[PDB]
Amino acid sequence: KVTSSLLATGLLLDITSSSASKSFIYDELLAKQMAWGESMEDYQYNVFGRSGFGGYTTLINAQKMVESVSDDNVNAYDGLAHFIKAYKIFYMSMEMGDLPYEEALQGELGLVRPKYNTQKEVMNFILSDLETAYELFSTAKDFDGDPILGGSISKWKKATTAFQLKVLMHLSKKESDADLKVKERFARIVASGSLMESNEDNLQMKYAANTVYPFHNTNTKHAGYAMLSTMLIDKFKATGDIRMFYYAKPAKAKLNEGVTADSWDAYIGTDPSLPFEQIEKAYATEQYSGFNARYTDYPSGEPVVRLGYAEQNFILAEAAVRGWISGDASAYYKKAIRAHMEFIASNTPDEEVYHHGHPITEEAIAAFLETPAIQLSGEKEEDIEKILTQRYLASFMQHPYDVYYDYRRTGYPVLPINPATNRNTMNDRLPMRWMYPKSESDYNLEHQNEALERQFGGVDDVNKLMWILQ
């Protein structure tokens, strides 16, 4: 029937799975890393609606998992329980703002209409749940039912640390808050927790027991509509970044004039802020660069990462520039860039169909890391921009919605926005949150309205700023 192991698998697949459909690239569209040639898409032109409370349904399952532990290793699974709770609620609050925390399980069980905690309270509870998760794993033994990190306590301690530092960096606008102690807790975890040691520590989904990358040919007919953005192609060309050749394939209209696949000029970025009819004309005449073949014709594609070694190092770099920790910003930054380049190389065959004549070799990595154009200058805003831009580029097809969250938090990289095409109700910007699910005004109206009055003066609005963004 139902064992702790089987439930663990369920929860873990939930956190790491992707859809084999268009929705996979909705966050790439929001972050402006690509346009979509099939039709005018909401997430390309910045139209938000409501998000969901589906995440809370995992609470009952996590509790059953812990109650069901049949050996003496309850701390392992309880550690997982606390990690999954924090993670799921973290992402819901990132989407929407205040929501239930204290009363969430009671609400799921139908015992109450659950009060909404303030987002500050939510973030504090998330951080306390992660400290508990770290202490639980620390006093636990390896466990069964984990296909992502193999039930390895050492790996779970690193995943918990990694998420702790990600959550704390997302609280950067709240560095002054008296009670949240963001800088202080970030430094303490860096000194006392378990930092990742390599790309082997990534919490990710790898493809190809009998399962293919979400945009393989066998899973979708729609990957062909992807049009890589100027935000990738122009940044790559400007810095001689050979990752362009692994992200993209040549524009067919360039190949037809005799421009070769190894040439930088064969690749065309599409500005996703242009009127859709212009985008459609560029798509029909093949004046655009689509996905590299590794995403679409290569069964294992690349792992889809939630928590990674490169990522953690871009977080450490930003913390260093912000003065949260004492280490050298530039060294973290270059570790991060190197880690992403090695990640690509490790997960891509050395064949022309994938690298187009520019293989990622150790010499290419070493050369790129010392490119003058990407060096940190020691001017704070310029350095945060560089770290966030390299992080943006390294997170194409990765870390669902995180790029957009870092954009909200820092304003980087600056995205293409066109008043005459932007379909948000404010022309000049992206929306800053989703609305709450309709089910909350159907069954928990009073508590939801208290929260809407407190946060926004009463209206559930996509252009209002949640607390962590104020």
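Start at 1 with the first residue shown and count on from there.
Novice: When you step from residue 208 to residue 209 in this entry, do you jump over none, 1 to 3, 4 to 9, or 10 or more residues of the deposited sequence that have no coordinates?
Specialist: Count of unmodelled residues in between: 1 to 3.
Novice: Mean CA B-factor: is it higher for 366 to 374 or for 178 to 186?
Specialist: Comparing averages over the C-alpha atoms only gives 178 to 186.
Novice: Comparing 42 to 50 with 414 to 422, which stretch shows the greater average C-alpha B-factor in the deposited entry?
Specialist: Between 414 to 422 and 42 to 50, it is 414 to 422 that shows the higher mean C-alpha B-factor.
Novice: Looking at 278, 160, 292, 152, which has the highest CA B-factor as recorded?
Specialist: The listed residue with the largest C-alpha B-factor is 278.
Novice: For residue 64, does the deposited CA B-factor place it in the lowest, middle or highest third of the chain?
Specialist: According to the entry, residue 64 has a C-alpha B-factor in the chain's highest third.
Novice: Quick check on the deposited entry: does the C-alpha B-factor of residue 21 sit in the lowest, middle or highest third of its chain?
Specialist: CA B-factor rank for residue 21: highest third.
Novice: When the modelled residues of the chain are sorted by Cα temperature factor, does residue 37 land in the lowest, middle or highest third?
Specialist: Highest third - that is where residue 37 ends up once the chain's C-alpha B-factors are sorted.
Novice: Please rank the C-alpha B-factors of the chain's modelled residues and tell me whether residue 136 sits in the lowest, middle or highest third.
Specialist: For residue 136, whose C-alpha B-factor we compare with every modelled residue in the chain, the answer is the middle third.
Novice: C-alpha B factor of residue 117, ranked within the chain: lowest, middle or highest third?
Specialist: According to the entry, residue 117 has a C-alpha B-factor in the chain's lowest third.
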